Amino acid sequence: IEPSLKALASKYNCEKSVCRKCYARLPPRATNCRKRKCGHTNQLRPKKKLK
Amino acid sequence: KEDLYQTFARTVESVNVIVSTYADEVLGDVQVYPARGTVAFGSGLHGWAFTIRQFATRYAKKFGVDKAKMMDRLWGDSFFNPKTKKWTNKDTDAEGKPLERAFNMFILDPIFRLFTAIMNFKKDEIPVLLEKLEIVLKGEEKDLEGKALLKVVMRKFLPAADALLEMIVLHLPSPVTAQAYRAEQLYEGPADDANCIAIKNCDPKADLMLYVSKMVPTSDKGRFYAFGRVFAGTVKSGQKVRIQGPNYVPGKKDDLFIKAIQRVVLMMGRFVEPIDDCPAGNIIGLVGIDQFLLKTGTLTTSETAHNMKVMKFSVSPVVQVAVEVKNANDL
Amino acid sequence: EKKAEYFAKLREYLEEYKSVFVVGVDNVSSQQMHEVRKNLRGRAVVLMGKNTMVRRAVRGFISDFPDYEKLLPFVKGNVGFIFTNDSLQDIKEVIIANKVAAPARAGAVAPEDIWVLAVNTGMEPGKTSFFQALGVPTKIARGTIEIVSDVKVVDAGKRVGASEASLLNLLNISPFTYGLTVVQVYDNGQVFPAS
Ligand SMILES: [Zn+2]
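Residues numbered from 1 in each chain as written, not as in the entry; some residues may be left out. Chains lettered and ligands numbered in written order. Part of a larger assembly, values for the part shown. Heavy atoms only, no water.

A. Representation of the overall build of chain C within the structure. Counting its secondary structure elements, chain C contains 6 helices and 8 strands. The order of α-helices and β-strands along chain C, N terminus first, is α-β-α-β-α-β-α-β-α-β-β-β-α-β. In chain C, which comprises 195 residues, the proportion classed as buried is 34%. Contacts in chain C between residues at least 24 apart in sequence constitute 76% of all its contacts with a sequence separation of at least 6. Summed over all atoms, the accessible surface of chain C reaches about 11600 Å², with 53% contributed by carbon and sulfur. Charge-centre separation for chain C: the mean point of 24 positive side chains lies 5 Å from the mean point of 21 negative side chains. (Helix = DSSP H or I, 4+ residues; strand = E, 2+ residues; numbered from the N terminus. Buried < 20%, exposed > 50% of the residue type's maximum accessible area, 1.4 Å probe, protein only. Contact = heavy atoms within 4.5 Å. Areas by Shrake-Rupley, 256 points an atom, 1.4 Å probe, with all protein chains shown as cover. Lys, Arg positive; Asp, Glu negative; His and termini not counted. Charge placed at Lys NZ, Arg CZ, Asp CG, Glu CD.)

Shown next, in the form of structure tokens:
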């Protein structure tokens, strides 16, 4: 892969939060979810890393 | 081509690491490398393969020296070509223009230019390229196209045989040489013994003989042959040979079965019988040791001859499974 | 409170010691500045600064003393004050001669082209596989790990990879070594460029 690019594509995929309620893939520094179907909730987690 | 050549280097080195990791020797010739022609590159399913020596035979005739030896610069240089016949160790020219590794240059001319031309399906360009590589197509093989054409066409240019056969003979140790540096770990007794000298010589006159360890099944079974390589002397059908088990001590009596070897077979895929006598440094599918063995049969014709090392095949038992029967009368 | 105590400690210099001798001490990375604090302890003293250009402008009033007006414009970059009356040339020679050195650069911009020479590293075989993953052609020339040719790993302007940095730390120095570099020298007052 060359780690530069893994680091590139993991930025765009894995380095990302997730809404606990609407499971939606969120941005990492996000406080609240953008989706309004979970009530713009603050309940987030990190998207789990491979291995 | 650059990315391909690297892919060989990236694997060949990682092997050489794993070669240099293990273990006692420290021979000098343990490591393996492309420049040598160790090492051969190819494809089984297709059935084409080369060695770096084989392409040095073709490049030397086409503007190059020296042929018979020396030319291990394929895999280093690089060579530019339109300016002059000369090649340099520098990656760039004096102008400030990049170059190849010369391995990329030689592999381009046939292979990369074949495959792209074959994928382009330019049915006039392929005959022209076929002329450059120098023959052959015969009969209905001219009519083929696609992946099947590429496979047959490759088989003729660099038949994997040629590369393997050369490699096998060239950079590999004989039964004389192999036994020489390996007898100390195989043979558990002293290095100064009269057996070990015949193991070093690879002798046919001296004491008999060998091991087994594994055992191939027959067609009609029931029974199953003893795949053993003879370590000293020449066996020999319908002849008495001591059958020393896994843990037979020379002085002790346990695990010994003085018995006649029924017959001897030169093992060749599915068969075949021919001859009674078969010397050391040679691989044999014996039969008649089967009832009086498990697994690991050091066979001798003298009482002083020691058992070989048990092995150290390792890799566990490991996992247990219970085995019941159904009906119980078939137990 | 912690302000006014620091306001007081800064009033002790320039009024003993006369030459203040200032330097950044932006990137270090140290560690060895404590050893500079140890080595200087016998003679000199160090005192670092936040928005203390405001402090020196406030002390620049007084009425009887105007020579702190020379100190008010020069602090550019993360910079700290290392006062001592001993001289100024000797302090320059001691501070330049010390320097941090130290490794390295991982996940940041390279200033120059990182060129790695050939010849043995002085190792046993293991991370030669790791080397060739990041484009460095190695061959084990009997036991020891050797590099086969001189190649640019990363060029100037480009960011250095995390895997690339680790092999440069171990075997092939970058080198991304640096230290503090004298900004200004004083004595009255007095403005001096320090070169
Ligand atoms: Zn949500």
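B. Summary view of the coordination of the zinc ion. Residue and element names in this part refer to chain A. The coordination sphere of the zinc ion, as far as protein atoms go, consists of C19 (SG), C22 (SG), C33 (SG) and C38 (SG), spread over 2.1 to 2.6 Å. One can describe the site at the zinc ion as irregular: its 4 donor atoms subtend angles covering 90 to 139 degrees at the metal. The motif formed by the donor residues of the zinc ion, counted along the single chain, is C-x2-C-x10-C-x4-C. A residue pair is termed long-range when its members are at least 10 positions apart, and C22 in the loop between strand 1 (17-19) and strand 2 (25-26) and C38 in the loop between strand 2 and strand 3 (44-46) qualify at 16 residues. Each member of the pair, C22 as well as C38, carries the same accessibility label: buried. (Donors = N, O, S within 2.8 Å, 3.2 Å for Na, K, Ca; no water. Tetrahedral: all angles 85-135°; square planar, octahedral: opposite > 155°, others 65-115°.)

C. Representation of the sheet that holds strand 7 (residues 298-300) of chain B in the model. Residue and element names in this part refer to chain B. Pairing is antiparallel in the open sheet, where 3 strands are placed in the order 5-4-7. Edge positions in the open sheet fall to strand 5 (259-261) and strand 7, since each of these has one partner strand only. Neighbouring strand axes in the sheet, compared pairwise and without regard to direction, differ in orientation by 55 degrees on average. (Pairing = 2+ DSSP bridges. Axes fitted to C-alpha atoms, helices over the stretch in contact; angles between N-to-C directions.)

D. Region of interest: the interface of chain C and chain B. Across the contact, 13 residues belong to chain C and 9 residues belong to chain B. Carbon and sulfur atoms make up 48% of the area that chain C and chain B hide from each other, which totals about 960 Å². On inspection of chain C and its partner chain B, the count reaches 0 salt bridges. Taken together, the connections running from chain C to chain B amount to 4 residue pairs in polar contact. Across the side of chain C that touches chain B, the residue classes break down as 4 nonpolar, 7 polar and 2 charged. (Buried area = accessible area lost by both parts, 1.4 Å probe. Salt bridge = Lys/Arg side-chain N within 4 Å of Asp/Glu carboxyl O. Polar contact = N/O pair within 3.5 Å; in protein donor to acceptor, adjacent residues only side chain to side chain. Nonpolar A, V, L, I, M, F, W, Y, C, P; charged D, E, K, R; others polar.)

E. Seen up close, the pairing of strand 3 (residues 226-230) of chain B. All names here are of chain B. Of all 5 residues in strand 3, 4 are buried; the element is thus mostly enclosed. Of the strand pairs in this sheet, strand 3 and strand 6 (residues 282-286) are connected by 5 bridges, and their pairing is antiparallel. Across the sheet, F227 pairs through a bridge with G285, a residue of strand 6.

F. Spatial organisation of the state of the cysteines. Under the counting rule described, the total for this entry stands at 0 disulfides over all chains. Here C14 of chain A stays free of any disulfide, with the sulfur of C22 of chain A as its closest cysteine sulfur at 19 Å. (Disulfide = S-S within 2.5 Å.)

G. Main features of the pattern of salt bridges. All names here are of chain B. Counted according to the given criterion, the structure contains 7 salt bridges over all chains. Note that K132 is salt-bridged to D109, the shortest N-O span being 3.0 Å. Of this pair, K132 sits in helix 4 (residues 125-133) while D109 sits in helix 3 (residues 103-120), and the two are 23 residues apart along the sequence. Its relative accessible area of 38% is what places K132 among the partly exposed residues. Residue classification places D109 among the partly exposed residues on the basis of a relative accessible area of 31%.

H. Quick look at the environment of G96 of chain B. Within the fold, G96 of chain B resides in the loop between helix 2 (52-61) and helix 3. Sequence separation of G96 of chain B and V310 of chain B is 214 residues, and the distance between their C-alpha atoms is 63 Å.

I. Structural context of a nonpolar patch on the surface. Taken together, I1, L5, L8 and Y12 of chain A make up a surface patch of nonpolar side chains, about 490 Å² in accessible area. By the secondary structure assignment, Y12 of chain A is in the loop between helix 1 (3-11) and strand 1. (Patch = residues over 30% accessible without salt bridge, like charges linked within 9 Å, V, L, I, M, F, W, Y side chains within 5 Å.)

J. Looking closely at the side chain of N307 of chain B. All names here are of chain B. Considering the arrangement of structural elements, one finds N307 in the segment after strand 7. Taking the relative accessible area as the measure of exposure, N307 reaches 4% and is therefore buried. A distance of 2.9 Å separates a polar side-chain atom of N307 from the backbone oxygen of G245. Within the structure, the side chain of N307 is placed 3.2 Å from the side chain of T298, a separation counted as a polar contact.

K. Region of the structure containing the arrangement of the chains. Among 2 pairs of chains with at least one contact, chains B and C form the most extensive contact set. Structurally, chain A and chain B remain out of contact, their C-alpha atoms never closer than 13 Å.

L. Spotlight on helix 6 (residues 162-170) of chain C. Along helix 6 of chain C, the positions that sit buried rather than exposed are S163, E164, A165, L167 and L168 of chain C. The inward-facing, buried residues of helix 6 of chain C contact helix 1 of chain A together with strand 4 (115-116) and helix 5 (128-133) of chain C.

M. Geometry of the packing of helix 2 of chain B against helix 3 of chain B. All names here are of chain B. It is at 12 Å that the axes of helix 2 and helix 3 come closest, and there the two elements cross at 75 degrees. Of the possible angle classes, the one that applies to helix 2 and helix 3 is roughly perpendicular. Between helix 2, through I52, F55 and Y59, and helix 3, the contact on the second element is made entirely by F103, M105, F106 and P110. Counted by class, the contact of helix 2 with helix 3 contains 7 nonpolar, no polar and no charged residues. (Parallel < 35°, antiparallel > 145°, perpendicular 65-115°, else oblique.)

N. The sheet that holds strand 8 (residues 181-184) of chain C, seen in detail. The antiparallel open sheet is built from 4 strands, whose spatial order is 2-3-1-8 (chain C). Where the open sheet ends on each side, the last strands, each with one partner, are strand 2 (47-48) and strand 8 of chain C.

O. Region of the structure containing helix 5 (residues 147-157) of chain B. For helix 5 of chain B, the complete set of buried residues consists of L149, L150, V152, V153, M154 and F157 of chain B. The inward-facing, buried residues of helix 5 of chain B contact strand 2 (48-50), helix 2, helix 3 and helix 4 of chain B.

P. Geometry of the side chain of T218 of chain B. Residues and elements named next belong to chain B. Positionally, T218 belongs in the loop between helix 8 (194-201) and strand 3. Separated by 2.7 Å, the side chain of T218 and the backbone oxygen of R223 make a polar contact. Dropping the residues within four chain positions of it, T218 is found in contact with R223, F224 and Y225.

Fair warning: the whole summary comes from geometry, so function is off the table for now.
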